[PDB]
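S.K.: Structure below; questions to follow.
So basically every Cβ, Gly included, is an ideal-geometry build from the backbone, and we count neighbours across all protein chains shown. No value in this document is a laboratory result; all are computed from the given coordinates.
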Amino acid sequence: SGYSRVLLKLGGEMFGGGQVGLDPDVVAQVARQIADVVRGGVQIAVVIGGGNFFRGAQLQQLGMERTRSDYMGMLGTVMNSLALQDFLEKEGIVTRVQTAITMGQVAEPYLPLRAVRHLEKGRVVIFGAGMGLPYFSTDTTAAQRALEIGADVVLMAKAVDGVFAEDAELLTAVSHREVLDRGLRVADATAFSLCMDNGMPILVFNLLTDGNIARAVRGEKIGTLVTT
Amino acid sequence: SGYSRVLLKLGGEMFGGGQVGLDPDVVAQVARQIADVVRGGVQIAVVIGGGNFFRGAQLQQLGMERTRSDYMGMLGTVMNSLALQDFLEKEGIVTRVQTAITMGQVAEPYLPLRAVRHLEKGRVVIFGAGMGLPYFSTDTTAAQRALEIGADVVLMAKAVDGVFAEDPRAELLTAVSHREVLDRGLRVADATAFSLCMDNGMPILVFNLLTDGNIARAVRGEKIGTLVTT
Amino acid sequence: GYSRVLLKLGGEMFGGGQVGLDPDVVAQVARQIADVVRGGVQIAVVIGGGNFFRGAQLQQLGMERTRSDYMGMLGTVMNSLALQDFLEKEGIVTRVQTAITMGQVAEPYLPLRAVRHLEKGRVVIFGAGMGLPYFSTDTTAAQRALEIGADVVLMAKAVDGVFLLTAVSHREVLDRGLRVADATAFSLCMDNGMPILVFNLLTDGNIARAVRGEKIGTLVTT
Amino acid sequence: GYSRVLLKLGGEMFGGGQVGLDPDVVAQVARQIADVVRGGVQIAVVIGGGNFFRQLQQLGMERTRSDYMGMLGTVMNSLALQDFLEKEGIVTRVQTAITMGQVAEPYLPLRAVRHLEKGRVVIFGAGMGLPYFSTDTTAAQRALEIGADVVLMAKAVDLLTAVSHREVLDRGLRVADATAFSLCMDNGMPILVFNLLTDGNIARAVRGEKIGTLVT
Amino acid sequence: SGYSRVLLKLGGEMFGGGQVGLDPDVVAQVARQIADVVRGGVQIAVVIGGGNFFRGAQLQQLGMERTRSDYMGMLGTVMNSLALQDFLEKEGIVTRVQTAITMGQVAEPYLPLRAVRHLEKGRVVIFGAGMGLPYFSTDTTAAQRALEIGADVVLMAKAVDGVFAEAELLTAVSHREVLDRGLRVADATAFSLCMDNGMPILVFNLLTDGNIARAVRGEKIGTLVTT
Amino acid sequence: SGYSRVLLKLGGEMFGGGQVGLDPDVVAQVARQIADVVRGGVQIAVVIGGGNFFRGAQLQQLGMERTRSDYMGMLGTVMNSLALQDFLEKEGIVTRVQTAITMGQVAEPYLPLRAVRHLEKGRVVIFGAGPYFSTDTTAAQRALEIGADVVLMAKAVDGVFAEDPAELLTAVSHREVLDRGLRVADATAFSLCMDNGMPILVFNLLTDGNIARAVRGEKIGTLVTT
Ligand SMILES: O=c1ccn([C@@H]2O[C@H](COP(=O)(O)OP(=O)(O)OP(=O)(O)O)[C@@H](O)[C@H]2O)c(=O)[nH]1
Ligand SMILES: O=c1ccn([C@@H]2O[C@H](COP(=O)(O)OP(=O)(O)OP(=O)(O)O)[C@@H](O)[C@H]2O)c(=O)[nH]1
Ligand SMILES: O=c1ccn([C@@H]2O[C@H](COP(=O)(O)OP(=O)(O)OP(=O)(O)O)[C@@H](O)[C@H]2O)c(=O)[nH]1
Ligand SMILES: O=c1ccn([C@@H]2O[C@H](COP(=O)(O)OP(=O)(O)OP(=O)(O)O)[C@@H](O)[C@H]2O)c(=O)[nH]1
Ligand SMILES: O=c1ccn([C@@H]2O[C@H](COP(=O)(O)OP(=O)(O)O)[C@@H](O)[C@H]2O)c(=O)[nH]1
Ligand SMILES: O=c1ccn([C@@H]2O[C@H](COP(=O)(O)OP(=O)(O)O)[C@@H](O)[C@H]2O)c(=O)[nH]1
Ligand SMILES: O=c1ccn([C@@H]2O[C@H](COP(=O)(O)OP(=O)(O)O)[C@@H](O)[C@H]2O)c(=O)[nH]1
Ligand SMILES: O=c1ccn([C@@H]2O[C@H](COP(=O)(O)OP(=O)(O)O)[C@@H](O)[C@H]2O)c(=O)[nH]1
């Protein structure tokens, strides 16, 4: 039972708390939760999203170029990354932040072999700037990094308990292909492909209800498990 | 009578519109008013603030560490820089962005000799990431950059007409000495920004940027706003 | 006709159906890229690397895929430096950016600079794919095309088009099941409406005729 | 016997006779490294890349750019070795003379020694980091910088059982590239030419047994 | 009492020994003194001044451009930084030099997260090139580098015992009181940066053998500025 | 003669001129002599040493690691280079500082194809830096790479004497210096020129108006040519 190495995707919702900017009362709750599961010995890499600031396709619909707006939005997710790092630090947790856009003064660059040893060294690894590339999502970054750093599962942390059938019975266990056949919102379509095609399982759970991610990695039947 | 090269300081309210985030109505209007001055033949670099995302000092008081919160603030500065770049592109203006924190993929690093040479080429240089270091401000950034690139004056763009003896609810000042600002307690900039310009004789001009046509006035030498000098 | 183009070169176009480098192939490629820079087209090109290793074929031989994807990606810099040399001997100015930073071998990926190079009449070569495992070169050419703001993706093959449909909608190739490029890359093209033109490069003057706007190959367009 | 060894592997040791990569050859090359590691000797490996060429110097490429492609090819050989070692249960550390970060650790010699002392096998890819250098010279140089006891020139061929640096130069015997050989003869490194591919012959070699040809 | 992580300002006086250029006797003495406090267990980062070569404002007075002169003067600090690295290495002390103006192969760029990690590994971080920007001092660079790397105090290493009142050496002043008495501690702008963030400043005679380990243990030597 | 593009080599100890450090009174006149040349119409590239920021055999004896000791010298050349850039600009001369080690913020990297592009545009280019080589050698190599017609070794003696402690010789051949044992430049520097035909002109720099006579093709100093 259990997952030894996980990749946790935090949306911008987990930083802004719904609205724009930063909600310290959420990042605190967010950090107390990660810390509870690191003390259990799980190696946990965190991929940071950035919708509490900008989203590239949102700003392009307004008139801004998309490329320039995708960089704008990856830069927001570094700001979340520095903020998760501070709150995890007040929790006693050692952090290592890695950005896909290299910014030496601010974080070490993307080096996957070192990111894997940080974990083994018991450090929490924070991937910022997503994948570094415009026309991609942080959902897809979580799929990508999770496959490269040898994660056992991608933990899609949400503010509701799992995947329902419309917005309504919540279903606990589904095939990857079962999700697409029932037209379900599990992640990016692009992200889901990279996972399904490579057999990477995904767990959609309510990270904010107390002590749920620790339940998750112990193997308990928590949330929704997408597995092939 | 006339400034040849200028350094304009845009606070975060020129991107957030008073509020946290990005109000595209304001950058569009600021981008419109910069293009008007570029076609007039002024060389203009732009130091960009980030009040509309994070200030390190206020997050420090919420409990966050100052240095991490200051980096968050400088990262927000490049987000405003890229946004000014976009709107300034839609006005048909050629821009080079430079980040004090080095980010090859996003913008060329801070190289000051190339900066003044883009200006000579007719381009607008946008100075992102502040000074690249915590425990500083973009007001002080403007003071330093203006000095390093040989700007004739620091343009402190505000949304009011200038400095007034006493807040609001009426008496505006046209021309002040540097020591006049100090002896009277007027707020023109950071204590450090101002000291950096006063000690090196850089003039500061505080003016209402948002009234259509006014920056282009200020640069042609018009007696607009508030000029602190000598 | 097209102002900025992103041409995708597979390991076919360096190794030639065998393994390694067949310099008669590479030289003809350079010969044809040469033709279009004289034409006034801004061309950036993405280099694939199946004449050495493919990450998913080595993964089936036994090897770990991550480690093998990097092997594949270095393969493309070898192909990338090869094109550089021959295009130079055709008299063309090149500049090679790698998605995996190597400093001394080539400049890193600076996309705003890749585009000032095009504007200056130079040919930008995009090596090391996207610099990430679990991706293909076809996906790279879509991403790189949208980022440098190219008008169309030239999918260079050695057959002339796909089968010979001369113009097809983005949704019509999903509905008939024709093959144009990787499914991950095509969907990133369809979803952003980036056109893809599949054409025989190896016939003389074909690509020069493609950027000219001529009915050539198979054009996928919504 | 020998305590620390530098092993030079030609392109031949990766593609076999022909071009590209041969899993059989690489697998038996690693099987041989493994029972050596297990034997207690610290072993660092310099990797060549002749399996990615033929015609190279008949196309006219430059040598600067040419030499860099070869150097890139050695890093593909290193990653490949590292994989087949890993399946044999051997911990490795690939270093490159050309900084790459994302692919591999840079070349620091102090930190390579650290790795050997910690029981890991160091693979040196990208050669010397510069054009106009061979691999025989990278081997001669890195054997020196990490303090190896001997350079092991792994050939595919099996008779002189001992010559010396001052003895060979009188005969038409090429044991390695003349720039590499002139570095070893000048600094007192021995050179052992042997058949790596006869089963368990490198284990006998570092034990001190009469194998192949030793140059002192 | 004692300081657990410290930042040490060495002016040009501490390499040129007074005259211009470099004086190995002075530098050796300075490395001896740093080395024996690193074994004490102190994490120590050093900011290197440059008056034994160039000072921006002084070349400015001779006609030269300030901006260019400031850069001249910054490269002077790297020259000193390499000397201090050298003498400390010959004392068997692991050093790491980070330079504000990045040169790559001469030293590593400014990476502050990694500077505190060097200190935690027991290494001596040397801060060359000041802050990298014209129109600043290395006194301000120490005040800045000390706040960001988290140091407990700034050690203004002088050749005199401490801050005087023109005899009369002062053992402990408050920040506000230095400005009110017009005492000369550091820079004007360097002191403000310190005063405004509550960063203490100990001014002491580094040259008298054993004074810095003395200072670090928390003994009352020199002049301590605190609020 | 009539030299159209020249590589001027100055020993660093010239700028410190009398002591250690920098004597602005000397680099000032060096700048204004170089201006007369370019406003005359000659293209001029400059290499400067570092010997003024050290006391003679300072770090030869100090025990310093030679790689680190060399980097200290390269930094001093750049300090010397910026100081020249400044007075040459007050002389009204566009200048460009190129550094062998990339120092983006301080100057521009070394690209020789761009370096002649500067001289063609009436600008002076200044070469800093160059481990384990002397600035004599770098002057030899820059001069070759930028197509210079001649390497002007500006030294503090009138030329090359036959005996040394005589008569200063005015014209020698490349094979003649190696054979007679004459002090022209570093051995590696000299072999770089003699193996590539590159002529070398040794002349005293402290006497004013001499740089101008070198380029003009006055028969001054010692001309070494094969
Ligand atoms: O490291 C870098 C350097 C530059 N850039 C960005 O690339 C763009 C082109 O920068 P370039 O250096 O390629 O040319 P230039 O237009 O700036 O100047 P000149 O050719 O006239 O000499 C500029 O917008 C720059 O900000 C990066 O994104 N990263
Ligand atoms: O990386 C660099 C490159 C260049 N520079 C410095 O910036 C200044 C101008 O930078 P540029 O390279 O863009 O123009 P240029 O004067 O050299 O020549 P043209 O393109 O107009 O033909 C030059 O003085 C150069 O030394 C840097 O400081 N850092
Ligand atoms: O820049 C780098 C440095 C290191 N690495 C790679 O990261 C992996 C481990 O990275 P580390 O350097 O952090 O740990 P280590 O196991 O190799 O050494 P110690 O903990 O004992 O001190 C190694 O396989 C290395 O090659 C990179 O990929 N890039
Ligand atoms: O380029 C860089 C490299 C590193 N760092 C940051 O410096 C800090 C020090 O990270 P280090 O690489 O210096 O050592 P470490 O913490 O990983 O400890 P060991 O593996 O050796 O056991 C890290 O937190 C990193 O994010 C940067 O800011 N920029
Ligand atoms: O590889 C990446 C990662 C992020 N982004 C941009 O940065 C934004 C960050 O938001 P994100 O979409 O990642 O996710 P969310 O915050 O909703 O989880 C994206 O939306 C894109 O606009 C991008 O362009 N490429
Ligand atoms: O050199 C600099 C420039 C800016 N900042 C950061 O910039 C943030 C906000 O900028 P600023 O206060 O200037 O914004 P404005 O109010 O002018 O919009 C602060 O919290 C600082 O951390 C910094 O730390 N160093
Ligand atoms: O972003 C990239 C680009 C390439 N590759 C690897 O490099 C190989 C290059 O193969 P590709 O399909 O691109 O080459 P082609 O057949 O088009 O020549 C891929 O298969 C992967 O193994 C990768 O992992 N990521
Ligand atoms: O951030 C910095 C650091 C140094 N300097 C320049 O380098 C000189 C070094 O002076 P410093 O006071 O630091 O040396 P000290 O006097 O302390 O010996 C300064 O005067 C400036 O000319 C600078 O401009 N910015």
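S.K.: Give the separation of the Cα centroids, region B:153-226 to region F:5-69, in Å.
M.R.: 46 Å
S.K.: Go through region F:40-47 residue by residue and turn each phi into a ³J(HN,Hα) via Karplus (6.51, -1.76, 1.60, θ = phi - 60°); whole Hz please, and just put x for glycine and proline.
M.R.: Values per residue, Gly and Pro as x: x, x, 8, 8, 9, 10, 10, 10 Hz.
S.K.: Something else: About the Cα centre, and with charges only on the beta carbon of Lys, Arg (+1) and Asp, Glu (-1), how big is the dipole of region F:123-205? Nearest 20 debye, please.
M.R.: Working: 6 positive and 11 negative charges, 59 e Å.
Result for region F:123-205 is approximately 280 debye, rounded to the nearest 20.
S.K.: Net charge within 14 Å of F:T137 by Cβ-Cβ distance, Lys/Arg positive one each and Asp/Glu negative one each, not counting F:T137 itself? Don't skip to the answer; put the middle values down first.
M.R.: Working: positive: F:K9, F:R142; negative: F:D70, F:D136, F:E145, F:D186, F:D195.
Counting the neighbours of F:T137, the net charge comes to -3.
S.K.: On to the next question. Based on a Kirkwood Rh over C-alpha pairs, give the Stokes-Einstein translational diffusion coefficient of chain C at 4 °C and viscosity 1.567 mPa s in µm²/s.
M.R.: Values: Rh = 17.2 Å.
D, rounded to a whole number, is 75 µm²/s.
S.K.: May I pose another question? Note down the nm distance, to one decimal, between modelled labels 7 Å out along Cα→Cβ at F:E145 and at C:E214.
M.R.: 4.4 nm
S.K.: Another question, if that's okay. Using the crude model of +1 on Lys and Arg Cβ and -1 on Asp and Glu Cβ, and no other charge, please compute the dipole size for region B:1-133 relative to its Cα centre, in debye to 20. Numbers along the way, then the final one.
M.R.: Numbers: 13 positive and 11 negative charges, 87 e Å.
My answer is approximately 420 debye.
S.K.: Which whole-number percent gives the relative contact order of region F:61-125, counting Cα pairs below 8 Å spaced six or more residues apart? Mind dumping the intermediate values first?
M.R.: Working: 48 pairs, mean separation 15.2, N = 65.
Computed over region F:61-125, the figure is 23 percent.
S.K.: What does the charge dipole of chain C about its Cα centre add up to, to the nearest 20 debye, if the Cβ of each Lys and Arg holds +1 and the Cβ of each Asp and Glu holds -1?
M.R.: Working: 21 positive and 21 negative charges, 66 e Å.
In debye, rounded to 20, chain C gives about 320.
S.K.: To continue, here is another question. Please order B:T138, F:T188 by the number of other Cβ within 10 Å, starting at the fewest. Display every interim value, and only then the final one.
M.R.: Values: B:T138 28, F:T188 13.
The order, fewest Cβ neighbours first, is F:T188, B:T138.
S.K.: Which whole-Hz couplings ³J(HN,Hα) result when phi for each residue of region F:179-186 is put into the Karplus expression 6.51 cos²θ - 1.76 cosθ + 1.60, θ = phi - 60°, listed in order with x for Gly and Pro?
M.R.: Per residue, the Karplus-derived 3J(HN,Hα) values read 7, 7, x, 9, 8, 10, 7, 3 Hz.
S.K.: What are the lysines whose alpha-carbon lies under 27 Å from the alpha-carbon of C:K120, with same-chain residues fewer than 8 places away excluded?
M.R.: B:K90, B:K121, C:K8, C:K89, F:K121
S.K.: Helix-derived [θ] at 222 nm for the protein assembly as shown: sum -39500 (n - 2.57) over DSSP H runs of at least 4, divide by residue count, nearest 500? Don't jump to the answer; show the numbers that get you there.
M.R.: Numbers: 54 runs with 554 residues, N = 1349.
Value at 222 nm, helices only: -12000 deg cm²/dmol.
S.K.: Same structure again: So for the protein assembly as shown, taking the charge dipole from beta-carbon charges (+1 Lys/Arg, -1 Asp/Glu), which of B:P109, C:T203, F:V157 sits furthest toward the positive end?
M.R.: Most positive-ward Cα: C:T203.
S.K.: Quick one: order C:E88, A:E148 by neighbouring beta-carbon count within 10 Å, fewest to most. All intermediate terms of the calculation are to be shown ahead of the outcome.
M.R.: Working: C:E88 16, A:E148 21.
Ordered from fewest to most neighbouring Cβ atoms within 10 Å, C:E88, A:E148 come out as C:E88, A:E148.
S.K.: In addition: Would you please give the FRET efficiency between F:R180 and E:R32, computed as 1/(1 + (r/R0)^6) with r the Cβ-Cβ distance and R0 = 56 Å, to the nearest 0.05?
M.R.: Working: r = 50 Å, r/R0 = 0.90.
Step by step, r from the Cβ atoms, then E = 0.65.
S.K.: How high is the relative contact order of region C:1-121? Use alpha-carbon pairs under 8 Å, at least six apart in sequence, and give a whole percent. Mind dumping the intermediate values first?
M.R.: Working: 166 pairs, mean separation 29.5, N = 121.
Once normalised by length, the contact order is 24 percent.
S.K.: Within the P(r) computed for the protein assembly as shown, what percentage of the Cα pairs occupies the region above 52 Å? Present the calculation step by step, with values, prior to reporting the outcome.
M.R.: Numbers: 290009 of 909226 pairs.
That tail contains 32 percent of the Cα-Cα pairs.
S.K.: So what is the relative contact order of region F:7-50, in percent, for Cα pairs below 8 Å that sit 6 or more residues apart? Write out the running numbers ahead of the final one.
M.R.: On the way: 36 pairs, mean separation 27.0, N = 44.
Contact order relative to length: 61 percent.
S.K.: Note down the net charge around D:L59, summing +1 for each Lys or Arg and -1 for each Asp or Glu among other residues with Cβ under 15 Å from its Cβ. Don't skip to the answer; put the middle values down first.
M.R.: On the way: positive: C:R31, C:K89, D:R54, D:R63, D:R65; negative: C:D22, C:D24, C:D85, C:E88, C:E90, D:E62, D:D67.
Around D:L59, the charge tally is -2.
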